[PDB]
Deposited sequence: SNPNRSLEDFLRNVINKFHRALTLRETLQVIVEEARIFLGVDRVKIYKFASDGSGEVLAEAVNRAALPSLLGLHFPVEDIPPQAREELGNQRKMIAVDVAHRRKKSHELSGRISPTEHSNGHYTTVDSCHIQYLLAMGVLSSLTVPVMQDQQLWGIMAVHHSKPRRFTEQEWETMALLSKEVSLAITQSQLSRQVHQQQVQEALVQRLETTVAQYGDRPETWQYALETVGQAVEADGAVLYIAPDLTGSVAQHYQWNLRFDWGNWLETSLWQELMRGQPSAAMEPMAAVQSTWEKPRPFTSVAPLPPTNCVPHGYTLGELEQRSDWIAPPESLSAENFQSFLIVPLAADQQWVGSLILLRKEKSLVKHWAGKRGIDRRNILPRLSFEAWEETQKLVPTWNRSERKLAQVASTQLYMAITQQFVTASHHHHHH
């Protein structure tokens, strides 16, 4: 007999009333650095393409540089090393001055063997001013989420007491990542429900008037974090012209929406139940029925479209159109990357990248739930 909105709030109040993920990573590296008495302890998180970022860092600035916020390319860690770190779950200790390494299991020991290090990784570590390195794999969903990096500018051997402690801290990071990922999912459930309740109240208050649909559309566009949005309402029983509503736009899509192109698009039909389908601008232009929009239309940098038909079997009543502009992202890399020899400079290199917007799992679900509500509201609930 308790509402969902009240229930989700109780989950966070009791199970997710903690610190953020970033703040937790920061606490962990500082405790490791003090306990080890080393120059630098970092936490590095892989991206999908194998590259990564330094998310947390405790560092003696007099001894080592700060790599916080810097990105490293995929080639820095070759498949051989990733295999040993992830699938074998090996912590790796590199003794630079003697060009040797050793591996201990992240799991346990129940009881060291030295191996010669490749000359590239030796120069690499030298270029960093590092003579002692301990790489600790961070696991999540049986995958290498990233590493914990312990660096010292002087020769430094680690006792087993220190191995086990870093292995323990690795599980703490894994714990926090799990915590943060679940708290994210709960919060997405709150946003979903808050959108539904807001839409229901809007209709109950205003009814079947343009103010309802204008307010509802931009409420949805804001929840799904789009850059712009359009709600199209088809002619009802015995004809009722056509209604369209816009948010964060500049020109009237009214005439453009009546095009053969958009009538097919809004229904989710190719030829060129509220299942949202994503599109890029470059894909729509390749349609056989593609008709160019006005001049000051394509200059708004709108590149990503999420079109959701307002339908239910033999009943199509309209469509929800969510838009996203091309975004410019800045990444600071450690040295100039963009082969056989390692780079010997790790200075901050700035790069700007025009990324094509994507509609993730949560946003697509949110758009589905939103359009479903819109369908039920249009057919007079």
Checklist outcome for this item: Deposited seq positions with no alpha-carbon in the coordinates run 1-3, 115-120, 282-308, 375-378, 422-432
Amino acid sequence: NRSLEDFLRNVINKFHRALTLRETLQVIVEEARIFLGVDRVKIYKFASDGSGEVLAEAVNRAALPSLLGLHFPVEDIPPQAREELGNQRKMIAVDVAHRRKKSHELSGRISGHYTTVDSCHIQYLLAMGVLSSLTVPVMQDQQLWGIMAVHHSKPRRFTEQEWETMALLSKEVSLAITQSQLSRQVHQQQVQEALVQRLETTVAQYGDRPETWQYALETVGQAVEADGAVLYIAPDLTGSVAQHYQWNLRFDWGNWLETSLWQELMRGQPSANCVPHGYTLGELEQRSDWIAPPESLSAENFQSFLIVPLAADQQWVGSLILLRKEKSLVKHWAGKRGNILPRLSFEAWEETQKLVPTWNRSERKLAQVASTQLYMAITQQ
From here on, numbers count along this sequence of modelled residues.
Checklist entry - Given the B-factors recorded for C-alpha atoms, which segment has the greater mean, 346-354 or 59-67? => result 346-354
Next on the checklist: Test of understanding: from the entry's C-alpha B-factors, which stretch has the higher mean, 38-46 or 313-321?
Outcome noted: 313-321
Checklist outcome for this item: Note to self: of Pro79, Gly221, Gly146, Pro270, the C-alpha temperature factor tops out at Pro270
Checklist entry - Of the options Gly207, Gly228, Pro73, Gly108, which has the highest CA B factor as deposited? => result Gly108
Next on the checklist: Ranking every modelled residue in this chain by its Cα temperature factor as given in the entry, which third contains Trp290?
Outcome noted: highest
Next on the checklist: Please place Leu182 in the lowest, middle or highest third of its chain according to the CA B-factor in the PDB entry.
Outcome noted: middle
Item to check | Modelled-residue ranking by C-alpha temperature factor, third containing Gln197 | outcome: middle
Checklist outcome for this item: Split the chain's modelled residues into thirds by Cα B-factor; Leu21 lands in the middle
Checklist entry - In terms of the chain's CA B-factor thirds, is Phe305 lowest, middle or highest? => result middle
